[PDB]
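Before any comments, here is the structure.
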Amino acid sequence: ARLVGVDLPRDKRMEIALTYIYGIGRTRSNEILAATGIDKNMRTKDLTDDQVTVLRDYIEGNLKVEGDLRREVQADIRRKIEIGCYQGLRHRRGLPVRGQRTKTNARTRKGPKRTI
Amino acid sequence: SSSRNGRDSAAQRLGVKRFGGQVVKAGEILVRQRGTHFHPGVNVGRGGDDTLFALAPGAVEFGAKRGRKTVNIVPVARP
Amino acid sequence: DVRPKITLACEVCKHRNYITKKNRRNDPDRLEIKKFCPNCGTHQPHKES
Amino acid sequence: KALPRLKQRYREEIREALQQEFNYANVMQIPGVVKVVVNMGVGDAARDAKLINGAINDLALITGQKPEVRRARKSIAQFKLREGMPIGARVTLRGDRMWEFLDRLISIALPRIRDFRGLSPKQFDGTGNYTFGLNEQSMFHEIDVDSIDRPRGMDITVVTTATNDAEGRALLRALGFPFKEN
Amino acid sequence: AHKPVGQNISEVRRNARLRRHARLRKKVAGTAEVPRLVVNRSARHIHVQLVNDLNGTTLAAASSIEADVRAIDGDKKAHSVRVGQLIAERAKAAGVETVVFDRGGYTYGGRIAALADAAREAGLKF
RNA sequence: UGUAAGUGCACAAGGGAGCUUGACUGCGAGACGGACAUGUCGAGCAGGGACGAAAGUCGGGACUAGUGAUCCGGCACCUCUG
Ligand SMILES: [Mg+2]
Ligand SMILES: [Mg+2]
Ligand SMILES: [Mg+2]
Ligand SMILES: [Mg+2]
Ligand SMILES: [Mg+2]
Ligand SMILES: [Mg+2]
Ligand SMILES: [Mg+2]
Ligand SMILES: [Mg+2]
Ligand SMILES: [Mg+2]
Ligand SMILES: [Mg+2]
Ligand SMILES: [Mg+2]
Ligand SMILES: [Mg+2]
Ligand SMILES: [Mg+2]
Ligand SMILES: [Zn+2]
């Protein structure tokens with residue numbers, strides 16, 4: 001199915017179909033399905049339009065997903081890079097901010113390996 | 001040492017051909033000029049190659065019209 | 001050659017009368033224009049050979 | 001058997017308000033709105049021309065009249081732009097469409113911009129006309145947030161009959177543009 | 001102490017009209033045996049004149065300003081038709097048959113079209 | 001203002017738009033300069049067209065360079081001959 005401009009899987013459980021939404025995850029999906037009362041093992045062929053609409057209304061009322069989340073994360077990024085914070089400098093240099101072992105780790109952030 | 005110059009084209013014998021006060025026979029060539037150095041007047045047509053000629057017999061009579069060098073042909077009275 | 005010489009032929013009487021040039025690269029397709037054929041006496045479509 | 005509310009306001013109260021406030025000679029020296037222009041400068045047409053279609057669709061939806069494309073009159077190498085390509089679209093309206101668009105803008109769009117602090121009065125050109133730009137387009141209700149792919153700014157220009165800055169400023173301020181205080 | 005800043009619609013219109021009228025005049029001319037018919041269009045009336053360019057003098061003219069034309073109940077298109085057949089009759093009385101049109105720059109259609117059809121019906125060759 | 005210069009073009013020959021192949025056939029009154037042949041323009045007639053209501057324009061490209069005799073031979077058609 002489709003929801004908030006996101007194409008749900010052709011055949012997959014709703015606990016992962018909702019997970020695939022940017023603003024919803026594994027335990028969040030578990031919590032929303034528990035609150036709604038919908039069993040979590042059913043496949044993507046058994047959904048109904050009214051349930052999708054009510055779920056959309058609930059999630060939009062009690063959460064922000066996708067574009068709003070991305071733009072507010074980027075807003076945080078630009079404000080922290082403008083205020084001259086340590087996190088801003090770390091973003092400028094392209095490194096994790098917690099201060100991990102960048103000597104050897106942080107390969108995921110720095111991306112591929114280049115030989116000098 | 002040498003020179004790469006020394007080449008030239010031919011000449012086209014351009015220029016005015018008939019003057020004022022001339023009895024011009026029908027269809028005669030009046031002026032052979034390159035650009036639009038002259039503009040047609042009354043009973044005067046312009047050819048493909050910017051050539052000015054006469055359409056009816058008469059006498060050549062130059063003139064001007066609103067900042068132009070004009071060509072006109074006067075229908076001299078029949079004796 | 002870029003500019004080959006082509007000939008136009010009438011459709012009903014089958015006489016080759018007019019010849020012109022074209023760009024095969026620009027117009028790979030054949031031409032279809034209406035000219036005057038003398039024996040036929042009226043405008044007719046012309047297709048190049 | 002209809003009339004825009006903004007047009008009403010203007011022809012009923014604003015006209016004589018300005019007339020009495022400025023002591024004009026006759027009853028038709030009072031400035032009035034002329035037209036309004038909407039356009040954008042993308043510059044990415046040289047790399048891709050699909051986003052032009054999207055921009056056209058957004059303009060058609062927001063205004064309701066199919067825009068027009070504009071070419072480039074000057075080919076430039078160091079910007080890798082040559083003559084003939086389209087880069088941007090321009091839209092201009094007249095009359096009741098201005099009235100409705102201005103109503104919708106003043107009533108919905110302006111309060112909705114994140115971190116809205118007002119408009120600088122010094123955006124004029126000295127002849128009594130206004131024009132300013134935006135960095136985003138999702139604020140408008142007519143466009144759904146789900147269907148946008150990239151963020152696009154826009155520029156808005158309004159031209160009136162004001163002789164100079166003073167008359168246009170007074171007229172538009174009576175209209176109620178949220179300016180600053182300096 | 002008010003200074004207009006921009007050119008006015010009246011002058012945009014007048015200059016454009018004059019320019020296009022000159023454009024057409026560049027090709028259209030007239031002569032004694034074939035007098036030229038000129039039309040001047042207004043928002044409230046219509047004018048037509050016959051002019052011989054050789055001497056710069058007119059032969060006949062008419063316009064909707066006249067009381068008889070004004071009295072017609074029909075539309076101003078009907079007024080144009082009326083003045084058209086009136087000028088046709090006046091020209092026939094004058095003794096000229098072949099004429100040409102000077103549209104004056106105004107795009108053909110509407111009033112000009114109706115006037116042209118009325119003339120063609122009246123019996124003028126052109 | 002395709003292609004160098006000059007002569008011109010702000011009324012356009014600059015650009016935009018609708019339609020369409022006259023980049024036709026049969027003709028040519030007279031001139032242009034030339035030792036020779038090569039080169040240039042042309043009003044107007046008929047057939048049948050194009051554009052435009054009409055008046056009206058159209059025998060390629062705003063103009064001047066983009067080319068080559070004789071002989072021999074090939075191809076289509078012809079109310080010539082044999
Ligand atoms: Mg050389
Ligand atoms: Mg020389
Ligand atoms: Mg030519
Ligand atoms: Mg093509
Ligand atoms: Mg202004
Ligand atoms: Mg043009
Ligand atoms: Mg040829
Ligand atoms: Mg001869
Ligand atoms: Mg004919
Ligand atoms: Mg001819
Ligand atoms: Mg030509
Ligand atoms: Mg041309
Ligand atoms: Mg030999
Ligand atoms: Zn044929």
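In the structure tokens, the first chain shown is A, the next is B, and so on; residue numbers restart at 1 for each chain, and ligands run from 1 in the order shown.
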Within 12 Å of ligand 3 (only C-alpha atoms (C1' of nucleotides) and all ligand atoms), residues as a PyMOL selection string | (chain B and resi 47-50) or (chain F and resi 23+40-41+59-64)
For the residues in the current selection, export N, CA, C and O atoms (P, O5', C5', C4', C3', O3' and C1' of nucleotides) as a PDB file, in the first residue's frame.
```pdb
ATOM      1  N   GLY B  47      16.570  46.544 -59.347  1.00  0.00           N
ATOM      2  CA  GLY B  47      16.762  45.167 -59.745  1.00  0.00           C
ATOM      3  C   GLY B  47      17.313  44.311 -58.623  1.00  0.00           C
ATOM      4  O   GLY B  47      17.447  44.736 -57.474  1.00  0.00           O
ATOM      5  N   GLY B  48      17.639  43.068 -58.978  1.00  0.00           N
ATOM      6  CA  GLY B  48      18.165  42.142 -57.990  1.00  0.00           C
ATOM      7  C   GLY B  48      19.529  42.548 -57.467  1.00  0.00           C
ATOM      8  O   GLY B  48      19.828  42.368 -56.284  1.00  0.00           O
ATOM      9  N   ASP B  49      20.375  43.104 -58.337  1.00  0.00           N
ATOM     10  CA  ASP B  49      21.752  43.437 -57.993  1.00  0.00           C
ATOM     11  C   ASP B  49      21.923  44.909 -57.640  1.00  0.00           C
ATOM     12  O   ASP B  49      22.966  45.500 -57.938  1.00  0.00           O
ATOM     13  N   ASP B  50      20.917  45.516 -57.016  1.00  0.00           N
ATOM     14  CA  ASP B  50      20.996  46.913 -56.596  1.00  0.00           C
ATOM     15  C   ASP B  50      21.265  47.823 -57.793  1.00  0.00           C
ATOM     16  O   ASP B  50      22.160  48.671 -57.772  1.00  0.00           O
TER      17      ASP B  50
ATOM     18  P     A F  23      10.842  30.103 -54.708  1.00  0.00           P
ATOM     19  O5'   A F  23      11.793  29.150 -55.560  1.00  0.00           O
ATOM     20  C5'   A F  23      12.537  29.660 -56.661  1.00  0.00           C
ATOM     21  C4'   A F  23      13.607  28.699 -57.119  1.00  0.00           C
ATOM     22  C3'   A F  23      13.146  27.259 -57.342  1.00  0.00           C
ATOM     23  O3'   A F  23      13.864  26.688 -58.435  1.00  0.00           O
ATOM     24  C1'   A F  23      14.856  27.293 -55.718  1.00  0.00           C
ATOM     25  P     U F  40      26.159  36.418 -64.693  1.00  0.00           P
ATOM     26  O5'   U F  40      25.892  37.980 -64.816  1.00  0.00           O
ATOM     27  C5'   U F  40      26.258  38.861 -63.769  1.00  0.00           C
ATOM     28  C4'   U F  40      25.454  40.133 -63.820  1.00  0.00           C
ATOM     29  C3'   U F  40      23.958  39.967 -64.025  1.00  0.00           C
ATOM     30  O3'   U F  40      23.270  39.635 -62.834  1.00  0.00           O
ATOM     31  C1'   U F  40      24.776  41.671 -65.448  1.00  0.00           C
ATOM     32  P     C F  41      21.764  39.082 -62.908  1.00  0.00           P
ATOM     33  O5'   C F  41      20.901  40.367 -63.285  1.00  0.00           O
ATOM     34  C5'   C F  41      20.744  41.428 -62.357  1.00  0.00           C
ATOM     35  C4'   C F  41      20.039  42.614 -62.967  1.00  0.00           C
ATOM     36  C3'   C F  41      18.630  42.368 -63.475  1.00  0.00           C
ATOM     37  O3'   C F  41      17.669  42.379 -62.435  1.00  0.00           O
ATOM     38  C1'   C F  41      19.850  43.643 -65.061  1.00  0.00           C
ATOM     39  P     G F  59      10.988  36.298 -58.843  1.00  0.00           P
ATOM     40  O5'   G F  59      10.959  35.012 -59.784  1.00  0.00           O
ATOM     41  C5'   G F  59      11.308  33.729 -59.276  1.00  0.00           C
ATOM     42  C4'   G F  59      11.993  32.872 -60.313  1.00  0.00           C
ATOM     43  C3'   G F  59      13.292  33.442 -60.875  1.00  0.00           C
ATOM     44  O3'   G F  59      14.228  32.391 -61.111  1.00  0.00           O
ATOM     45  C1'   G F  59      11.729  33.133 -62.635  1.00  0.00           C
ATOM     46  P     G F  60      15.667  32.420 -60.392  1.00  0.00           P
ATOM     47  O5'   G F  60      15.344  32.793 -58.877  1.00  0.00           O
ATOM     48  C5'   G F  60      16.387  33.117 -57.966  1.00  0.00           C
ATOM     49  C4'   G F  60      15.931  33.003 -56.532  1.00  0.00           C
ATOM     50  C3'   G F  60      16.910  33.492 -55.474  1.00  0.00           C
ATOM     51  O3'   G F  60      16.880  34.897 -55.292  1.00  0.00           O
ATOM     52  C1'   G F  60      16.078  31.373 -54.851  1.00  0.00           C
ATOM     53  P     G F  61      18.181  35.673 -54.757  1.00  0.00           P
ATOM     54  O5'   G F  61      18.300  35.236 -53.229  1.00  0.00           O
ATOM     55  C5'   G F  61      17.309  35.618 -52.279  1.00  0.00           C
ATOM     56  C4'   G F  61      17.666  35.175 -50.880  1.00  0.00           C
ATOM     57  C3'   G F  61      18.862  35.889 -50.254  1.00  0.00           C
ATOM     58  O3'   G F  61      18.670  36.013 -48.845  1.00  0.00           O
ATOM     59  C1'   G F  61      19.310  33.578 -50.380  1.00  0.00           C
ATOM     60  P     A F  62      17.954  37.313 -48.229  1.00  0.00           P
ATOM     61  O5'   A F  62      19.050  38.459 -48.364  1.00  0.00           O
ATOM     62  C5'   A F  62      18.888  39.704 -47.701  1.00  0.00           C
ATOM     63  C4'   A F  62      19.247  40.856 -48.603  1.00  0.00           C
ATOM     64  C3'   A F  62      20.544  40.706 -49.378  1.00  0.00           C
ATOM     65  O3'   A F  62      20.372  39.937 -50.555  1.00  0.00           O
ATOM     66  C1'   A F  62      20.433  42.868 -48.403  1.00  0.00           C
ATOM     67  P     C F  63      21.570  39.036 -51.126  1.00  0.00           P
ATOM     68  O5'   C F  63      22.484  40.074 -51.911  1.00  0.00           O
ATOM     69  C5'   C F  63      21.964  40.835 -52.991  1.00  0.00           C
ATOM     70  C4'   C F  63      22.989  41.811 -53.501  1.00  0.00           C
ATOM     71  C3'   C F  63      24.378  41.233 -53.717  1.00  0.00           C
ATOM     72  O3'   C F  63      24.499  40.632 -54.994  1.00  0.00           O
ATOM     73  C1'   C F  63      24.529  43.261 -52.490  1.00  0.00           C
ATOM     74  P     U F  64      25.125  39.164 -55.163  1.00  0.00           P
ATOM     75  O5'   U F  64      26.621  39.450 -55.623  1.00  0.00           O
ATOM     76  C5'   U F  64      26.887  40.359 -56.680  1.00  0.00           C
ATOM     77  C4'   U F  64      28.201  41.066 -56.479  1.00  0.00           C
ATOM     78  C3'   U F  64      29.393  40.172 -56.197  1.00  0.00           C
ATOM     79  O3'   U F  64      29.932  39.594 -57.372  1.00  0.00           O
ATOM     80  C1'   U F  64      29.381  41.981 -54.673  1.00  0.00           C
TER      81        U F  64
END
```
Within 12 Å of ligand 1 (only C-alpha atoms (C1' of nucleotides) and all ligand atoms), residues as a PyMOL selection string = chain B and resi 3-8
Preceding selection exported with N, CA, C and O atoms as a CSV table (one decimal), in the first residue's frame:
```
chain,number,residue,atom,x,y,z
B,3,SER,N,57.8,38.0,-49.4
B,3,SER,CA,56.5,38.7,-49.1
B,3,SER,C,55.4,37.8,-49.5
B,3,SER,O,55.4,37.2,-50.6
B,4,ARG,N,54.3,37.7,-48.6
B,4,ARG,CA,53.1,37.0,-48.9
B,4,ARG,C,52.0,37.8,-49.6
B,4,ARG,O,50.9,37.2,-49.8
B,5,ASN,N,52.3,39.0,-49.9
B,5,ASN,CA,51.3,39.9,-50.5
B,5,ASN,C,51.5,39.9,-52.0
B,5,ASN,O,52.3,39.1,-52.6
B,6,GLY,N,50.7,40.7,-52.7
B,6,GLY,CA,50.8,40.8,-54.1
B,6,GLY,C,49.6,40.3,-55.0
B,6,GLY,O,49.7,40.2,-56.2
B,7,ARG,N,48.5,40.0,-54.3
B,7,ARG,CA,47.3,39.5,-55.0
B,7,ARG,C,46.2,40.5,-54.9
B,7,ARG,O,46.1,41.2,-54.0
B,8,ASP,N,45.3,40.5,-56.0
B,8,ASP,CA,44.3,41.4,-56.1
B,8,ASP,C,43.2,40.9,-57.0
B,8,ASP,O,43.4,39.9,-57.8
```
Residues near segment 5-12 of chain A, cut-off 9 Å, only C-alpha atoms (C1' of nucleotides), skip fewer than 6 positions along chain, as a PyMOL selection string = (chain A and resi 18+20-21+42-45) or (chain D and resi 146-147)
Could I get the residue neighbourhood of ligand 2 at 9 Å, counting only C-alpha atoms (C1' of nucleotides) and all ligand atoms, as a PDB file with N, CA, C and O atoms, in the first residue's frame?
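Generated output (result.pdb):
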```pdb
ATOM      1  N   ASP B   8      45.347  40.468 -55.988  1.00  0.00           N
ATOM      2  CA  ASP B   8      44.277  41.447 -56.106  1.00  0.00           C
ATOM      3  C   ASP B   8      43.193  40.855 -56.997  1.00  0.00           C
ATOM      4  O   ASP B   8      43.431  39.909 -57.751  1.00  0.00           O
ATOM      5  N   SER B   9      41.994  41.423 -56.896  1.00  0.00           N
ATOM      6  CA  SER B   9      40.860  41.007 -57.707  1.00  0.00           C
ATOM      7  C   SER B   9      40.793  41.850 -58.981  1.00  0.00           C
ATOM      8  O   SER B   9      41.708  42.612 -59.303  1.00  0.00           O
ATOM      9  N   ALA B  10      39.703  41.711 -59.728  1.00  0.00           N
ATOM     10  CA  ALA B  10      39.464  42.524 -60.909  1.00  0.00           C
ATOM     11  C   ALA B  10      38.610  43.733 -60.527  1.00  0.00           C
ATOM     12  O   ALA B  10      38.393  44.019 -59.347  1.00  0.00           O
ATOM     13  N   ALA B  11      38.116  44.457 -61.528  1.00  0.00           N
ATOM     14  CA  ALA B  11      37.275  45.625 -61.323  1.00  0.00           C
ATOM     15  C   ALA B  11      35.923  45.409 -61.988  1.00  0.00           C
ATOM     16  O   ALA B  11      35.824  44.753 -63.028  1.00  0.00           O
ATOM     17  N   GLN B  12      34.880  45.967 -61.377  1.00  0.00           N
ATOM     18  CA  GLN B  12      33.513  45.780 -61.844  1.00  0.00           C
ATOM     19  C   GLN B  12      32.958  46.984 -62.593  1.00  0.00           C
ATOM     20  O   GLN B  12      31.780  46.975 -62.961  1.00  0.00           O
ATOM     21  N   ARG B  13      33.768  48.013 -62.834  1.00  0.00           N
ATOM     22  CA  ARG B  13      33.333  49.169 -63.617  1.00  0.00           C
ATOM     23  C   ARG B  13      32.059  49.782 -63.038  1.00  0.00           C
ATOM     24  O   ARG B  13      31.131  50.143 -63.764  1.00  0.00           O
TER      25      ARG B  13
END
```
May I have the residues within 12 Å of ligand 10, computed using only C-alpha atoms (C1' of nucleotides) and all ligand atoms, as a list in words?
-> residues 45, 47 and 48 of chain B; 22, 27, 28, 41, 42, 43, 44, 45, 57, 58 and 59 of chain F
Okay, now the selection with C-alpha atoms (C1' of nucleotides), as a PDB file, in the first residue's frame?
```
ATOM      1  CA  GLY B  45      12.488  50.208 -60.154  1.00  0.00           C
ATOM      2  CA  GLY B  47      16.762  45.167 -59.745  1.00  0.00           C
ATOM      3  CA  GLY B  48      18.165  42.142 -57.990  1.00  0.00           C
TER       4      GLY B  48
ATOM      5  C1'   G F  22       7.826  30.836 -58.069  1.00  0.00           C
ATOM      6  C1'   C F  27       8.885  33.936 -73.874  1.00  0.00           C
ATOM      7  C1'   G F  28      11.743  38.611 -73.969  1.00  0.00           C
ATOM      8  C1'   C F  41      19.850  43.643 -65.061  1.00  0.00           C
ATOM      9  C1'   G F  42      15.322  44.098 -66.965  1.00  0.00           C
ATOM     10  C1'   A F  43       9.578  46.058 -67.782  1.00  0.00           C
ATOM     11  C1'   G F  44       5.657  43.238 -70.022  1.00  0.00           C
ATOM     12  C1'   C F  45       2.642  38.429 -72.319  1.00  0.00           C
ATOM     13  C1'   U F  57       4.611  40.259 -54.380  1.00  0.00           C
ATOM     14  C1'   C F  58       7.023  35.614 -55.908  1.00  0.00           C
ATOM     15  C1'   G F  59      11.729  33.133 -62.635  1.00  0.00           C
TER      16        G F  59
END
```
Proximal residues of chain C relative to chain F (only C-alpha atoms (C1' of nucleotides); 7 Å) as a ChimeraX atom specification | /C:15-16,33-34,36,38,42
Contacts of segment 106-118 of chain E within 7 Å, only C-alpha atoms (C1' of nucleotides), excl. fewer than 2 positions in-chain, as a PDB file with N, CA and C atoms, in the first residue's frame:
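Dumped everything to around-v8.pdb:
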```pdb
ATOM      1  N   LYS E  77     -22.111  49.404 -35.352  1.00  0.00           N
ATOM      2  CA  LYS E  77     -21.818  48.665 -36.575  1.00  0.00           C
ATOM      3  C   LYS E  77     -22.813  49.025 -37.674  1.00  0.00           C
ATOM      4  N   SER E  80     -21.807  52.288 -38.992  1.00  0.00           N
ATOM      5  CA  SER E  80     -20.708  52.142 -39.938  1.00  0.00           C
ATOM      6  C   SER E  80     -21.221  51.700 -41.301  1.00  0.00           C
ATOM      7  N   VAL E  81     -22.161  50.755 -41.324  1.00  0.00           N
ATOM      8  CA  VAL E  81     -22.733  50.310 -42.594  1.00  0.00           C
ATOM      9  C   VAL E  81     -23.437  51.470 -43.292  1.00  0.00           C
ATOM     10  N   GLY E  84     -21.024  53.764 -44.718  1.00  0.00           N
ATOM     11  CA  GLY E  84     -20.372  53.111 -45.839  1.00  0.00           C
ATOM     12  C   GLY E  84     -21.160  53.250 -47.124  1.00  0.00           C
ATOM     13  N   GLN E  85     -22.455  52.939 -47.076  1.00  0.00           N
ATOM     14  CA  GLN E  85     -23.239  53.102 -48.298  1.00  0.00           C
ATOM     15  C   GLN E  85     -23.409  54.577 -48.648  1.00  0.00           C
ATOM     16  N   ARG E 103      -6.157  51.114 -44.437  1.00  0.00           N
ATOM     17  CA  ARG E 103      -6.704  50.692 -43.154  1.00  0.00           C
ATOM     18  C   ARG E 103      -6.249  51.577 -42.002  1.00  0.00           C
ATOM     19  N   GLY E 104      -5.242  52.422 -42.210  1.00  0.00           N
ATOM     20  CA  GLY E 104      -4.823  53.342 -41.173  1.00  0.00           C
ATOM     21  C   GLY E 104      -4.094  52.703 -40.018  1.00  0.00           C
ATOM     22  N   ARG E 120     -18.365  46.875 -50.767  1.00  0.00           N
ATOM     23  CA  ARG E 120     -18.348  45.902 -51.853  1.00  0.00           C
ATOM     24  C   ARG E 120     -19.755  45.632 -52.365  1.00  0.00           C
ATOM     25  N   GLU E 121     -20.730  45.555 -51.458  1.00  0.00           N
ATOM     26  CA  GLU E 121     -22.112  45.373 -51.882  1.00  0.00           C
ATOM     27  C   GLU E 121     -22.630  46.582 -52.648  1.00  0.00           C
ATOM     28  N   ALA E 122     -22.267  47.792 -52.216  1.00  0.00           N
ATOM     29  CA  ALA E 122     -22.817  48.993 -52.835  1.00  0.00           C
ATOM     30  C   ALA E 122     -22.508  49.057 -54.325  1.00  0.00           C
TER      31      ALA E 122
END
```
Would you give me, as an MDAnalysis selection string, the residues of chain A that come within 12 Å of chain D, using only C-alpha atoms?
-> chainID A and resid 2:6 65:68 71:72 75
Atoms to include: N, CA and C atoms. Write the selected residues as a compact mmCIF listing (two decimals), in the first residue's frame.
```
# COMPACT_ATOMS: atom_id res chain seq x y z
N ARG A 2 0.24 2.41 0.17
CA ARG A 2 0.93 3.69 0.20
C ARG A 2 0.48 4.49 1.41
N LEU A 3 1.39 5.32 1.92
CA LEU A 3 1.10 6.12 3.11
C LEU A 3 2.09 7.27 3.17
N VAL A 4 1.58 8.50 3.18
CA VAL A 4 2.41 9.70 3.31
C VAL A 4 3.49 9.67 2.24
N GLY A 5 3.09 9.41 1.00
CA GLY A 5 4.04 9.38 -0.10
C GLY A 5 5.06 8.27 -0.04
N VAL A 6 4.85 7.27 0.81
CA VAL A 6 5.77 6.15 0.96
C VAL A 6 5.05 4.90 0.49
N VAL A 65 7.15 13.12 10.62
CA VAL A 65 7.87 12.09 9.88
C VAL A 65 8.40 12.66 8.57
N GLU A 66 9.44 12.00 8.06
CA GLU A 66 9.96 12.23 6.71
C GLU A 66 10.50 13.64 6.53
N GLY A 67 9.83 14.46 5.70
CA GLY A 67 10.40 15.74 5.32
C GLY A 67 10.60 16.67 6.50
N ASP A 68 9.63 16.72 7.41
CA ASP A 68 9.76 17.58 8.58
C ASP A 68 10.96 17.18 9.41
N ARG A 71 14.24 18.15 7.55
CA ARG A 71 14.52 19.58 7.54
C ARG A 71 14.87 20.09 8.93
N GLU A 72 14.26 19.55 9.99
CA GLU A 72 14.64 20.00 11.33
C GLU A 72 16.01 19.48 11.73
N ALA A 75 18.26 21.82 10.05
CA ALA A 75 18.24 23.09 10.79
C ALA A 75 19.15 23.02 12.00
```
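Closest to ligand 6 among F:13, F:75, F:5, F:69 is F:13, based on only C-alpha atoms (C1' of nucleotides) and all ligand atoms.
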Kindly work out which residues sit at most 10 Å from ligand 14, using only C-alpha atoms (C1' of nucleotides) and all ligand atoms, and give the list as a PyMOL selection string.
-> chain C and resi 9-17+35-46
Residues of the last selection are to be written out with N, CA and C atoms, as a PDB file, in the first residue's frame.
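And here's again37.pdb as it stands now:
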```
ATOM      1  N   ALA C   9      11.331  13.053 -59.979  1.00  0.00           N
ATOM      2  CA  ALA C   9      10.587  12.419 -61.057  1.00  0.00           C
ATOM      3  C   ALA C   9       9.094  12.532 -60.795  1.00  0.00           C
ATOM      4  N   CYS C  10       8.330  12.662 -61.876  1.00  0.00           N
ATOM      5  CA  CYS C  10       6.882  12.709 -61.772  1.00  0.00           C
ATOM      6  C   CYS C  10       6.329  11.319 -61.476  1.00  0.00           C
ATOM      7  N   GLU C  11       5.145  11.295 -60.870  1.00  0.00           N
ATOM      8  CA  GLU C  11       4.568  10.047 -60.392  1.00  0.00           C
ATOM      9  C   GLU C  11       3.718   9.339 -61.436  1.00  0.00           C
ATOM     10  N   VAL C  12       3.073  10.078 -62.331  1.00  0.00           N
ATOM     11  CA  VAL C  12       2.143   9.500 -63.296  1.00  0.00           C
ATOM     12  C   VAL C  12       2.814   9.243 -64.638  1.00  0.00           C
ATOM     13  N   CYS C  13       3.580  10.209 -65.138  1.00  0.00           N
ATOM     14  CA  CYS C  13       4.215  10.082 -66.441  1.00  0.00           C
ATOM     15  C   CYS C  13       5.626   9.512 -66.367  1.00  0.00           C
ATOM     16  N   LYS C  14       6.280   9.583 -65.210  1.00  0.00           N
ATOM     17  CA  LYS C  14       7.593   8.976 -64.997  1.00  0.00           C
ATOM     18  C   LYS C  14       8.659   9.614 -65.892  1.00  0.00           C
ATOM     19  N   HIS C  15       8.775  10.938 -65.788  1.00  0.00           N
ATOM     20  CA  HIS C  15       9.854  11.689 -66.421  1.00  0.00           C
ATOM     21  C   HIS C  15      10.684  12.368 -65.344  1.00  0.00           C
ATOM     22  N   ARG C  16      12.004  12.302 -65.490  1.00  0.00           N
ATOM     23  CA  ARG C  16      12.926  12.992 -64.594  1.00  0.00           C
ATOM     24  C   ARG C  16      13.235  14.358 -65.192  1.00  0.00           C
ATOM     25  N   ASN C  17      12.789  15.417 -64.519  1.00  0.00           N
ATOM     26  CA  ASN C  17      12.924  16.775 -65.028  1.00  0.00           C
ATOM     27  C   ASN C  17      13.776  17.661 -64.134  1.00  0.00           C
ATOM     28  N   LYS C  35       5.753  20.306 -57.665  1.00  0.00           N
ATOM     29  CA  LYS C  35       6.268  21.167 -58.721  1.00  0.00           C
ATOM     30  C   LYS C  35       5.302  21.140 -59.905  1.00  0.00           C
ATOM     31  N   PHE C  36       5.720  21.757 -61.006  1.00  0.00           N
ATOM     32  CA  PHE C  36       4.947  21.785 -62.239  1.00  0.00           C
ATOM     33  C   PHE C  36       5.575  20.831 -63.246  1.00  0.00           C
ATOM     34  N   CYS C  37       4.789  19.864 -63.713  1.00  0.00           N
ATOM     35  CA  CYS C  37       5.217  18.939 -64.748  1.00  0.00           C
ATOM     36  C   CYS C  37       4.670  19.397 -66.090  1.00  0.00           C
ATOM     37  N   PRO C  38       5.493  19.489 -67.137  1.00  0.00           N
ATOM     38  CA  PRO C  38       5.032  20.156 -68.361  1.00  0.00           C
ATOM     39  C   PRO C  38       3.996  19.358 -69.137  1.00  0.00           C
ATOM     40  N   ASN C  39       4.233  18.061 -69.341  1.00  0.00           N
ATOM     41  CA  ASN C  39       3.282  17.273 -70.119  1.00  0.00           C
ATOM     42  C   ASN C  39       1.977  17.069 -69.359  1.00  0.00           C
ATOM     43  N   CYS C  40       2.060  16.802 -68.053  1.00  0.00           N
ATOM     44  CA  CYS C  40       0.848  16.579 -67.273  1.00  0.00           C
ATOM     45  C   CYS C  40      -0.028  17.825 -67.262  1.00  0.00           C
ATOM     46  N   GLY C  41       0.586  19.001 -67.176  1.00  0.00           N
ATOM     47  CA  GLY C  41      -0.133  20.252 -67.264  1.00  0.00           C
ATOM     48  C   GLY C  41      -0.650  20.799 -65.952  1.00  0.00           C
ATOM     49  N   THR C  42      -0.502  20.065 -64.852  1.00  0.00           N
ATOM     50  CA  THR C  42      -0.987  20.515 -63.557  1.00  0.00           C
ATOM     51  C   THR C  42       0.004  20.106 -62.477  1.00  0.00           C
ATOM     52  N   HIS C  43      -0.058  20.811 -61.350  1.00  0.00           N
ATOM     53  CA  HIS C  43       0.786  20.470 -60.214  1.00  0.00           C
ATOM     54  C   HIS C  43       0.527  19.032 -59.789  1.00  0.00           C
ATOM     55  N   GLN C  44       1.601  18.297 -59.523  1.00  0.00           N
ATOM     56  CA  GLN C  44       1.509  16.927 -59.051  1.00  0.00           C
ATOM     57  C   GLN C  44       2.606  16.681 -58.028  1.00  0.00           C
ATOM     58  N   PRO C  45       2.390  15.763 -57.086  1.00  0.00           N
ATOM     59  CA  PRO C  45       3.452  15.447 -56.126  1.00  0.00           C
ATOM     60  C   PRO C  45       4.665  14.862 -56.831  1.00  0.00           C
ATOM     61  N   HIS C  46       5.842  15.154 -56.284  1.00  0.00           N
ATOM     62  CA  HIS C  46       7.100  14.666 -56.832  1.00  0.00           C
ATOM     63  C   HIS C  46       7.888  13.968 -55.737  1.00  0.00           C
TER      64      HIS C  46
END
```
Near chain F, which residues of chain B fall within 8 Å when you count only C-alpha atoms (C1' of nucleotides), and what do they look like as a PyMOL selection string?
-> chain B and resi 26-29+34-37+47-51+55
